[PDB]
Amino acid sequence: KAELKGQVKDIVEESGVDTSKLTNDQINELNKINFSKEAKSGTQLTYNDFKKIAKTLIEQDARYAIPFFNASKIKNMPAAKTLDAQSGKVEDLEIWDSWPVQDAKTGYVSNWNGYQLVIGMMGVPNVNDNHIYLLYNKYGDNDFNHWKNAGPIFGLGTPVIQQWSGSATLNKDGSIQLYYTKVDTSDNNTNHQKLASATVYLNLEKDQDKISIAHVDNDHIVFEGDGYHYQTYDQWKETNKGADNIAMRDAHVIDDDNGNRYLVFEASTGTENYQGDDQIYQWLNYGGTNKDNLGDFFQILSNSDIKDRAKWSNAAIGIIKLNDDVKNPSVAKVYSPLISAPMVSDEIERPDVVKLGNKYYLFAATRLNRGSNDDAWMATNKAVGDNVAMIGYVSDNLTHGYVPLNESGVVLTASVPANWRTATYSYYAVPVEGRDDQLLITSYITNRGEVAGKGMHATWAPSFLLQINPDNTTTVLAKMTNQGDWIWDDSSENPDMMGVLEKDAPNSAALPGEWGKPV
């Protein structure tokens, strides 16, 4: 005959719940709730925020929905017909997560000898073939056909050592300082990820408008996690049943006004605020009204899969400061996470920080199906046929204090099914010279692995403008570019790339055979 003890008594009464209708089991569970107010791991994507993001996605609100693309205009990247790192032969690769070489303070796409430079993950569809390649075009050239491939940064290789996403900026001497994810799969095929850096020197043959990779120097591991702020591989190994995600990837370089250099990356929380059964009882993870939190608590407890996911979810967007050894960096300081999602999601990807005026904007991509709340993300699949989103936050300070945009953190939401040609992911905001209140959203279009059909390859999406509002909101704009345009200027807009959600329109968001096809 247990009795409610402490703050939870007040919670139950506030919620209009009849205390005598509670079982002993329910009372015992309620008595385990910890009402501590102390935030342990930065700004949180709470259970309520997640529910709101999913709900907003289902609403397909023009403010946040990814614009429809003209499906008939989407092509595989010509520069993706290229030597493959794992075969040494010319093959038709697909291309996904990509990033421009950009100025570290402003994020502006860098002009290197009249060229723009982009590094991206490419490989053969349905092969474990994860390596990074250098692509280049004349600076400001909007023609997707003009991009060329300088080849894989690290030359030929195998799945034992992979390269996943990062960022890149120029050194004073004209070399590229590349930040990337080195992945070692030698321990029972696990994706053992580490933040790495290398210096890339280029050869330019002016008359052939041809760039090649000349030297790759100083390749080394920068950060693997500290164990307190961020989970280490050894920590992950200790407890993994198969249900725990590994993350130490997607490093985004940014410099502050004083020239200090930071990497903002995807990880998981360490012992500062670790995953586990205890997370279900931390009231601060819920983030709704007390009454809604109470409903959520019982929902998690009553659903075995949700409960399991809640125990393992601890995605974080971390930050470290580097020392001043630009070409051979070491870690100078490890900070608490900027954002974390204990209890809520075990995957938040591709973080991107842009300084606009005197404020820092942090965006990240996520697939809501990696969230703990199955009921919420399953509903997004039912409504739209996909569950992708971009989330966003703003701070007056680079290393802490982030506030969610559009209340919940929602910024972009999926608008077409995941297996359509015009599905997108890996949103990456790029600042726009001469427009300090807008960002150009780049992404890849078509999901990997021929899910949209044989020959339909992941390729660079048409880019679109996002309006940033000083009142901590954002608005998708009806302004779109050619595929693979990283630089918004006065020749960038191409309204022909815009689509409509109509079966038989020439600019349909669906290719023939997709409208009404199973997801």
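Residue indices: 1-based, along the sequence shown.
Here the stretch with the larger average CA B-factor, out of 344-352 and 242-250, is 242-250.
Mean CA temperature factor is higher for 321-329 when stretches 321-329 and 423-431 are set side by side in the entry.
Take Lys73, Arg370, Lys210, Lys81 and read off each C-alpha B-factor from the entry; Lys210 has the highest. In this structure the maximum Cα B-factor among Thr474, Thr46, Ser491, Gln483 is found at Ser491. Sort the chain's modelled residues by C-alpha temperature factor and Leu93 lands in the lowest third, per the entry. Per-chain ranking of the deposited C-alpha B factor places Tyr233 in the highest third. For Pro470, the recorded CA temperature factor ranks within the middle third of the chain's modelled residues.
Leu501: CA B factor lies in the highest third for its chain, per the PDB record. Among the modelled residues of its chain, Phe265 has a C-alpha B-factor that falls in the lowest third according to the deposited record.
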